[PDB]
Amino acid sequence: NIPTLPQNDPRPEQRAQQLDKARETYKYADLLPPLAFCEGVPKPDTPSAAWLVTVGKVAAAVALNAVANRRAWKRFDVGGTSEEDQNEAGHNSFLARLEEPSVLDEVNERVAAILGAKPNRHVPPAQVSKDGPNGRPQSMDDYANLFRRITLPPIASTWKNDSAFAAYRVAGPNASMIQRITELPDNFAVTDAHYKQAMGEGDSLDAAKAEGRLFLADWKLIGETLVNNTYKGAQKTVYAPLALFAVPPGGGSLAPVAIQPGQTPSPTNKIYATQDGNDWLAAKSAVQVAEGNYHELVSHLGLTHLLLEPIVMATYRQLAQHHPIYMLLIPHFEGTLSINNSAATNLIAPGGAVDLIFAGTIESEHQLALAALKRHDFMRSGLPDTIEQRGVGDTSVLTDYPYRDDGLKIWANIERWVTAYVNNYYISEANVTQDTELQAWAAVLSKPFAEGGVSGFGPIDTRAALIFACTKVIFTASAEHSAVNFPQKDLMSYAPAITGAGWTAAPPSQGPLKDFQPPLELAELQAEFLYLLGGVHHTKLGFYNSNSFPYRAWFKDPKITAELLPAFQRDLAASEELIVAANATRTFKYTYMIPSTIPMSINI
Amino acid sequence: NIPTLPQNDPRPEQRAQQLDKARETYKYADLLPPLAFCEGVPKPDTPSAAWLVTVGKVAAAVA
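Criteria and thresholds
Residues numbered from 1 in each chain as written, not as in the entry; some residues may be left out. Chains lettered and ligands numbered in written order. Part of a larger assembly, values for the part shown. Heavy atoms only, no water. Core = buried A, V, L, I, M, F, W, Y, C linked by side-chain atoms within 4.5 Å. Buried < 20%, exposed > 50% of the residue type's maximum accessible area, 1.4 Å probe, protein only. Contact = heavy atoms within 4.5 Å. Helix = DSSP H or I, 4+ residues; strand = E, 2+ residues; numbered from the N terminus. Polar contact = N/O pair within 3.5 Å; in protein donor to acceptor, adjacent residues only side chain to side chain. Pairing = 2+ DSSP bridges. Axes fitted to C-alpha atoms, helices over the stretch in contact; angles between N-to-C directions. Nonpolar A, V, L, I, M, F, W, Y, C, P; charged D, E, K, R; others polar. Salt bridge = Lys/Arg side-chain N within 4 Å of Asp/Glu carboxyl O. Parallel < 35°, antiparallel > 145°, perpendicular 65-115°, else oblique. Left-handed = near helix turned anticlockwise from the far one by under 90°.

Going by the header, the method for this PDB entry is X-ray crystallography, and the resolution given is 2.7960 Å.

Written out as structure tokens, the structure is:
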């Protein structure tokens, strides 16, 4: 078959009848206000068997670590529970390979209990707990010892170094935060003395501001939207810090200069610098807490999951199965509906993992997420555009920016493959306007953000405009989500390195480090649920197949099958070697933009 | 037992561990909007039996 535009289609009546049945299987829900959600999971978007088995094995290890953590506390129920989880691990690898009682029910339920922070996730079908790790830490060893049957992340041993703190701003979960500044803001007056502490006497703050070597990360939005909460009556705290970063003259890696935990300078809110010791380590730890709230809601959930959800909805509804753009975008949406529902009713739901671990009240977190979707500008949110919007573009000034360098490759790949796919099917700029399905598609997306649209979406009246919207979508389904989702397992499992709440007051430190860390019962949940969200690489960018049992190729037009997609896949195999090359020379690794590791869609 | 200020307390650790267990017992609520309220009546702050007997005599005459 050759997909075709609606005006060129030889059988328009059968086409508009498939969209009628399509709009009945994909109806809009209000699982989260403002946004445009789907009513449950339509059976087409059910998780594939391949996906369930992969997730099932991760949920098994997470469960076995929780049992092993329960053996350590109270130093048969732990033994019997240990084996029913082993039975599932053997059931998964063997029974599911037949190719759904063991696959369907057990996997979805185990994921729900991990993301929902439900009690007694020890054993399934065998139906805070003081027989598991809970309460205040005796020592900092209690946090590293929680990773018993899952591997402790490497940042658990590097995070105190200032080098690791700045690597987050270029190769961490929120690698898009910094911004080149020419003059310091008025509420963050850092001195030349603070600069010469970090960079030495050979450089001056004035010289760095002139040569574009100063970059700032400003968590002002956290202050605008969050409301501190409590856990079991214990005060959870979050800040809205500003942190300064500079590169040595002549170019080089980033390095932290100064930190101010609050938006407003005050007697209780001052500027901490590289030499201040225990106080400085807490001012970095405060920023890390701000990034956790900001990443998981803004960077991660708001601007990938929740950003693509109305587009996933409009694509099914207005674009027929015989539409070429429909053939391009649906495989980049596999399971996005399914994971966003498991996110809505479990993760960010009251009583879930984010409600307890992260500092804000759960509804204040939602406002933070919605605040970014409301201010986002889709048409000017292309990766090469955002790089030049921030002033982070010079490859010689700031030289260690893995996300920028690896990502700008994957973007160029996807744009080439999109520009090819579009130019084949859209042979005249009159094909775009007369695409009644694509214009309906653009309408429901061009709508106000309050009515359920994507901010800054219009207009899609050009082949170049459709090319961008299809590049940005594919990028968000693949590369960007890799750059944010998987750092959760590698860079966010260890609570002392970064977590959702501060558990003492402030960077002005008043005692031991272990008191700023979360209680163990939550610290175990953070490691486990972030292990699960970061430990599933299923489906691979460039490899378009079906979500059904044969897992056969998805395209049918032999133009794409034996030319256009192979052109795409080679470019990705090429960029992979350039990225793998640069990654060996790097101490702070960045696998999240490696073409082999990237998924097609948002699915975990 | 002679009371003592925190900085002078010979047993600071045991002291701090008490307020944690205490902040667990006395949690805030929004029973009345814009006011700092207690989440129900915690058990150590249950009305005493003397208070109930005195009140019970009055609540009987009213009935």
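Student: Describe in detail the nonpolar core, supporting the description with residues and values.
Tutor: The tendency in soluble globular proteins is for nonpolar side chains to be buried as a group. All names here are of chain A. Judged by nonpolar contacts, the single largest core of 173 residues is most densely connected at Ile 311, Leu 347, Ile 410, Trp 417, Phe 529 and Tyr 544. Setting aside residues no more than four positions away along its own chain, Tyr 544 makes contact with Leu 328, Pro 331, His 332, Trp 417, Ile 474, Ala 553, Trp 554, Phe 555, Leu 565, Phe 568 and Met 600. Formed by 15 residues, the second largest nonpolar core is a distinct cluster that contains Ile 181, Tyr 195, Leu 242 and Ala 246.

Student: Any chance you could break down the side chain of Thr 304 of chain A for me, citing the residues and the numbers?
Tutor: Residues and elements named next belong to chain A. Structurally, the position occupied by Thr 304 is in helix α10 (residues 278-318). Reaching out from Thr 304, the side chain makes a polar contact with the backbone oxygen of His 300 at a distance of 2.3 Å. Residues within four places of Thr 304 in sequence aside, it is in contact with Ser 299, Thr 476, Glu 480, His 481, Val 484 and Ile 602.

Student: Kindly report on the sheet that holds strand β7 (residues 242-246) of chain A, identifying the contributing residues and their values.
Tutor: Through backbone hydrogen bonds, the strands of a sheet pair up, either in parallel or in antiparallel fashion. All names here are of chain A. Strand order in the open sheet formed by 5 strands is β3-β4-β7-β8-β9, and the pairing between neighbours is antiparallel. Pairing within the sheet leaves two strands with one partner each, and these edge strands are β3 (179-180) and β9 (272-273). Pairing of strand β8 (residues 255-260) with β9, which is carried by 2 bridges, proceeds in the antiparallel orientation. Pairing of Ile 259 across the sheet is with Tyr 272, part of β9. Strand contacts of helix α6 (residues 162-171): β7 and β8, with the helix running at about 85 degrees to β8, the strand carrying the most contacts.

Student: Go over the packing of helix α1 (residues 12-25) of chain A against α10 of chain A, please, and point to the residues and values.
Tutor: Residues and elements named next belong to chain A. At a closest axis distance of 7 Å, the pairing of α1 and α10 adopts a crossing angle of 145 degrees. Residues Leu 19, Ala 22 and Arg 23 of α1 form the contact with α10, whose participating residues are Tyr 316, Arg 317 and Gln 318. Split by residue class, the contact of α1 with α10 holds 3 nonpolar, 1 polar and 2 charged.

Student: Pulling in residues and values, what's your account of the pairing of strand β4 (residues 214-218) of chain A?
Tutor: All names here are of chain A. Extensive coverage of β4 is indicated by the burial of 4 of its 5 residues. Inspection of the sheet shows β3 paired to β4 by 2 bridges, in the antiparallel sense. In the sheet register, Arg 180 faces β4, and the bridge partner there is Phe 215. Across 5 bridges, β4 lies against β7 in antiparallel orientation. Bridge assignment links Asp 218 to a residue of β7, and that residue is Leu 242.

Student: Report on the pattern of salt bridges, specifying residues and quantitative values.
Tutor: With the rule as written, the count across this model stands at 25 salt bridges over all chains. Between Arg 110 of chain A and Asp 85 of chain A there is a salt bridge, with the nearest N and O atoms lying 2.8 Å from each other. Of the two residues, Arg 110 of chain A and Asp 85 of chain A, neither departs from the other in class, the shared state being buried. In this structure, the salt-bridge partner of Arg 23 of chain B is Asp 20 of chain B, at a minimum N-O distance of 3.0 Å. With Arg 23 of chain B and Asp 20 of chain B both in helix α1 (residues 12-25), this residue pair falls 3 residues apart, about one helical turn. Shared partners join several salt bridges into a network, and the residues in it are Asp 85, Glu 88, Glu 106 and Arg 110 of chain A.

Student: Tell me about the packing of α10 of chain A against helix α12 (residues 336-347) of chain A, and please be specific about residues and values.
Tutor: All names here are of chain A. At a minimum axis distance of 10 Å, the contact between α10 and α12 shows a crossing angle of 125 degrees. With respect to α12, the element α10 is oriented oblique. Crossing of α10 against α12: the hand is left-handed. Contacts from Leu 301, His 305, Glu 309, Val 312 and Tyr 316 of α10 reach α12 at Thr 336, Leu 337, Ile 339, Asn 340 and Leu 347. Tallied by class, the residues present in the contact of α10 with α12 amount to 6 nonpolar, 3 polar and 1 charged.

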